[PDB]
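A quick write-up on the structure given underneath.
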Amino acid sequence: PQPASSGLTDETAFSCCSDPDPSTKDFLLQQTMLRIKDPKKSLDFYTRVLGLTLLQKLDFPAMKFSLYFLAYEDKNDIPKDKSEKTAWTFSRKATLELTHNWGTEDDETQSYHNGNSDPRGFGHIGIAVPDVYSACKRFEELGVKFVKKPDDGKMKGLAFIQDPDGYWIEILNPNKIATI
Amino acid sequence: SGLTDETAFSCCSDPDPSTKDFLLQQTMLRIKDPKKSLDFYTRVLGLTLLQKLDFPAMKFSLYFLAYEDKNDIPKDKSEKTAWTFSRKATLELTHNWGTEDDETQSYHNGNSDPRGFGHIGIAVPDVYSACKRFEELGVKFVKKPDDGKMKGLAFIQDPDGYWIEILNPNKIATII
Ligand SMILES: COC(=O)c1c(C)cc(Oc2cc(C)cc(O)c2O)cc1O
Ligand SMILES: COC(=O)c1c(C)cc(Oc2cc(C)cc(O)c2O)cc1O
Ligand SMILES: [Zn+2]
Ligand SMILES: [Zn+2]
């Protein structure tokens with residue numbers, strides 16, 4: 001009888017992995033896109049609370065939306081010229097593309113779905129920090145909403161907070177994950 | 001109407017010094033079948049599986065993939081873990097055991113109501129050669145690069161239906 005799923009063994013998982021085709025050698029994971037209801041709240045949260053930098057604001061009037069690219073970069077590295085700024089922004093690794101469909105911030109019946117309740121899909125973005133505890137102590141002092149405090153529940157030492165739209169953000173210390 | 005630049009810039013605070021070494025480490029997506037997903041992300045897109053973590057008590061596995069050289073991955077478990085979790089731009093694929101055997105199950109990609117997450121995106125040197133190879137490998141498309149007014153920008157889908165943007169940073173300015 002078909003065994004109940006126990007997931008994959010490490011051997012089977014790596015057995016399904018192919019080495020990269022030479023044609024993909026320069027590919028890079030550039031962005032994760034999330035739709036946001038109110039850029040005023042989101043920009044304040046990602047820059048003031050999390051410390052990211054707004055790289056570029058792109059407006060598409062014909063389509064009634066704007067894109068806000070945030071990333072952990074030094075503001076002084078951002079080229080000034082719009083064309084120069086654009087090519088740099090899109091070649092940075094690990095950016096967050098926040099999509100603002102005009103008008104949602106004034107529509108009291110509108111809200112986006114964070115992927116963690118029916119129907120599920122996307123789960124969270126995650127930020128590596130040197131100390132989850134001191135980072136979360138500061139988030140508490142700043143009124144950040146928590147999904148999981150570091151010492152609460154499962155996986156102690158790991159925390160989850162949420163942004164203005166309710167998207168979950170994992171806060172982790174890379175050097176302590178191994179000891180759960 | 002949208003925000004004026006002034007309004008948006010005024011909502012941006014300079015980074016607090018305590019956040020100086022923070023990094024955006026991962027994006028997590030739930031996946032139905034790890035065999036299909038791992039084949040897709042490694043053989044088609046060229047990412048490398050850095051590490052796999054299992055949690056039997058909760059019946060799920062985590063797969064961490066990134067654009068890294070496999071020869072750089074530390075051999076010892078604890079060193080490997082610290083390394084994986086300190087890489088920027090990794091993709092965490094969560095496999096809740098059993099979904100691969102449920103014909104009535106599929107994850108929601110965020111692009112149909114209720115919307116939220118939209119896509120991850122890969123920067124490449126030539127969107128057209130990349131997509132020609134994707135097409136030849138049987139990859140499904142949401143938007144081919146030459147379709148629509150936003151030319152030279154494509155969206156493909158992974159085995160679960162999640163959207164993946166394929167863009168050329170040097171050619172983006174022409175469609176903004
Ligand atoms: C009750 O469930 C959880 O608390 C939980 C779940 C279900 C999953 C989880 O996944 C991860 C575990 C670890 C160790 C690292 C990650 O980046 C993760 O996304 C972490 C968690 O704390
Ligand atoms: C007509 O609709 C679209 O095709 C489209 C829309 C509506 C938005 C869109 O957003 C982006 C535009 C650009 C220039 C870069 C990105 O990473 C984007 O996510 C890209 C698109 O191709
Ligand atoms: Zn995008
Ligand atoms: Zn995670």
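All residue names refer to the structure tokens as shown: chains lettered A, B, ... in order, residues numbered from 1 in each chain, ligands numbered from 1 in order.
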
ask   = Do you know which residues are at most 12 Å from residue 138 of chain B counting only C-alpha atoms, after dropping those on the same chain fewer than 6 positions away, and could you put them as a PyMOL selection string?
value = chain B and resi 40+44+131-132+156-159

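Every protein or nucleic acid residue with an atom no more than 9 Å from residue 20 of chain A, counting only C-alpha atoms and leaving out same-chain residues fewer than 5 positions away, appears here: residues 25 of chain A; 42, 43, 44, 45, 46, 47 and 48 of chain B.
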
Restrict the calculation to only C-alpha atoms and all ligand atoms, then for each residue of chain A with any atom at most 7 Å from an atom of ligand 1 give the closest atom pair and their distance in Å to one decimal, rows by chain and rising residue number, as a Markdown table.
```
| residue | atom | partner | partner_atom_place_in_ligand_line | distance |
| --- | --- | --- | --- | --- |
| A:126 | CA | ligand 1 | 17 (O) | 6.9 |
| A:153 | CA | ligand 1 | 4 (O) | 6.3 |
| A:154 | CA | ligand 1 | 4 (O) | 4.6 |
| A:155 | CA | ligand 1 | 22 (O) | 4.8 |
| A:158 | CA | ligand 1 | 22 (O) | 6.5 |
| A:170 | CA | ligand 1 | 17 (O) | 6.8 |
| A:177 | CA | ligand 1 | 14 (C) | 5.8 |
| A:180 | CA | ligand 1 | 14 (C) | 6.1 |
```

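Proximity to residue 99 of chain A was assessed for B:117, B:22, B:134, B:63 counting only C-alpha atoms; the smallest distance is recorded for B:117.
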
Taking only C-alpha atoms into account, produce a table as JSON lines in which each residue of chain B with an atom at most 6 Å from an atom of chain A appears once, together with its shortest atom pair and the distance in Å to one decimal, ordered by chain and rising number.
```
{"residue": "B:1", "atom": "CA", "partner": "A:102", "partner_atom": "CA", "distance": 5.8}
{"residue": "B:2", "atom": "CA", "partner": "A:102", "partner_atom": "CA", "distance": 5.2}
{"residue": "B:11", "atom": "CA", "partner": "A:44", "partner_atom": "CA", "distance": 5.2}
{"residue": "B:12", "atom": "CA", "partner": "A:44", "partner_atom": "CA", "distance": 5.5}
{"residue": "B:13", "atom": "CA", "partner": "A:48", "partner_atom": "CA", "distance": 4.9}
{"residue": "B:15", "atom": "CA", "partner": "A:51", "partner_atom": "CA", "distance": 4.2}
{"residue": "B:19", "atom": "CA", "partner": "A:51", "partner_atom": "CA", "distance": 5.6}
{"residue": "B:22", "atom": "CA", "partner": "A:129", "partner_atom": "CA", "distance": 4.9}
{"residue": "B:23", "atom": "CA", "partner": "A:128", "partner_atom": "CA", "distance": 5.4}
{"residue": "B:24", "atom": "CA", "partner": "A:127", "partner_atom": "CA", "distance": 4.6}
{"residue": "B:25", "atom": "CA", "partner": "A:127", "partner_atom": "CA", "distance": 5.2}
{"residue": "B:26", "atom": "CA", "partner": "A:126", "partner_atom": "CA", "distance": 5.0}
{"residue": "B:27", "atom": "CA", "partner": "A:125", "partner_atom": "CA", "distance": 4.4}
{"residue": "B:28", "atom": "CA", "partner": "A:123", "partner_atom": "CA", "distance": 5.2}
{"residue": "B:29", "atom": "CA", "partner": "A:122", "partner_atom": "CA", "distance": 4.5}
{"residue": "B:30", "atom": "CA", "partner": "A:121", "partner_atom": "CA", "distance": 5.5}
{"residue": "B:38", "atom": "CA", "partner": "A:17", "partner_atom": "CA", "distance": 6.0}
{"residue": "B:39", "atom": "CA", "partner": "A:16", "partner_atom": "CA", "distance": 5.6}
{"residue": "B:42", "atom": "CA", "partner": "A:18", "partner_atom": "CA", "distance": 5.5}
{"residue": "B:43", "atom": "CA", "partner": "A:18", "partner_atom": "CA", "distance": 4.9}
{"residue": "B:46", "atom": "CA", "partner": "A:20", "partner_atom": "CA", "distance": 4.3}
{"residue": "B:78", "atom": "CA", "partner": "A:178", "partner_atom": "CA", "distance": 5.4}
{"residue": "B:81", "atom": "CA", "partner": "A:178", "partner_atom": "CA", "distance": 5.9}
{"residue": "B:82", "atom": "CA", "partner": "A:175", "partner_atom": "CA", "distance": 4.8}
{"residue": "B:85", "atom": "CA", "partner": "A:174", "partner_atom": "CA", "distance": 4.8}
{"residue": "B:86", "atom": "CA", "partner": "A:174", "partner_atom": "CA", "distance": 5.6}
{"residue": "B:89", "atom": "CA", "partner": "A:94", "partner_atom": "CA", "distance": 4.8}
{"residue": "B:97", "atom": "CA", "partner": "A:7", "partner_atom": "CA", "distance": 5.2}
{"residue": "B:98", "atom": "CA", "partner": "A:5", "partner_atom": "CA", "distance": 5.2}
{"residue": "B:107", "atom": "CA", "partner": "A:121", "partner_atom": "CA", "distance": 4.9}
{"residue": "B:108", "atom": "CA", "partner": "A:121", "partner_atom": "CA", "distance": 4.8}
{"residue": "B:109", "atom": "CA", "partner": "A:121", "partner_atom": "CA", "distance": 5.8}
{"residue": "B:114", "atom": "CA", "partner": "A:113", "partner_atom": "CA", "distance": 5.9}
{"residue": "B:115", "atom": "CA", "partner": "A:112", "partner_atom": "CA", "distance": 5.8}
{"residue": "B:116", "atom": "CA", "partner": "A:113", "partner_atom": "CA", "distance": 4.8}
{"residue": "B:117", "atom": "CA", "partner": "A:34", "partner_atom": "CA", "distance": 4.5}
{"residue": "B:118", "atom": "CA", "partner": "A:33", "partner_atom": "CA", "distance": 5.3}
{"residue": "B:119", "atom": "CA", "partner": "A:33", "partner_atom": "CA", "distance": 5.3}
{"residue": "B:120", "atom": "CA", "partner": "A:32", "partner_atom": "CA", "distance": 4.3}
{"residue": "B:121", "atom": "CA", "partner": "A:31", "partner_atom": "CA", "distance": 5.1}
{"residue": "B:122", "atom": "CA", "partner": "A:29", "partner_atom": "CA", "distance": 4.6}
{"residue": "B:123", "atom": "CA", "partner": "A:28", "partner_atom": "CA", "distance": 5.3}
{"residue": "B:124", "atom": "CA", "partner": "A:27", "partner_atom": "CA", "distance": 4.9}
{"residue": "B:169", "atom": "CA", "partner": "A:90", "partner_atom": "CA", "distance": 4.9}
{"residue": "B:170", "atom": "CA", "partner": "A:87", "partner_atom": "CA", "distance": 5.3}
```

message = What does the list of residues within 6 Å of ligand 2 look like if you count only C-alpha atoms and all ligand atoms, written as number ranges by chain?
response = B: 150, 172, 176

query = So which bits of segment 25-158 of chain A end up strand (DSSP E) when you DSSP the backbone, as JSON, numbers by chain?
reply = {"A": [28, 29, 30, 31, 32, 33, 34, 35, 53, 54, 55, 56, 57, 58, 59, 60, 65, 66, 67, 68, 69, 70, 71, 95, 96, 97, 98, 99, 100, 101, 122, 123, 124, 125, 126, 127, 128, 146, 147, 148]}

message = Calculated over only C-alpha atoms and all ligand atoms, which of the candidates A:162, A:67, A:11, A:55 has the smallest distance to ligand 3?
response =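 So, comparing all the options, the nearest one is A:67.
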
query = If you run DSSP on the backbone, which residues of segment 5-171 of chain B are helix (DSSP H, G or I), as a PyMOL selection string?
reply = chain B and resi 5-10+17-19+34-44+56-58+70-72+77-84+99-101+127-136

ask   = By how many Å are atom CA of residue 144 of chain B and atom CA of residue 164 of chain B apart?
value =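 It comes out at 11.7 Å.
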
task = Return the single residue from B:3, B:31, B:57, B:62 that is closest to ligand 4, with distances computed using only C-alpha atoms and all ligand atoms.
result =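 Of B:3, B:31, B:57, B:62, the one nearest ligand 4 is B:62, counting only C-alpha atoms and all ligand atoms.
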
Straight-line distance linking atom CA of residue 162 of chain B with atom CA of residue 110 of chain B, stated in Å to one decimal =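 Atom CA of residue 110 of chain B lies 8.0 Å from atom CA of residue 162 of chain B.
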
remark   = In terms of only C-alpha atoms and all ligand atoms, the residue from B:125, B:103, B:33, B:155 at minimal distance from ligand 3 is B:155

request  = Calculate how many Å separate atom CA of residue 141 of chain A from atom CA of residue 8 of chain B, rounding to one decimal.
outcome  = 24.5 Å
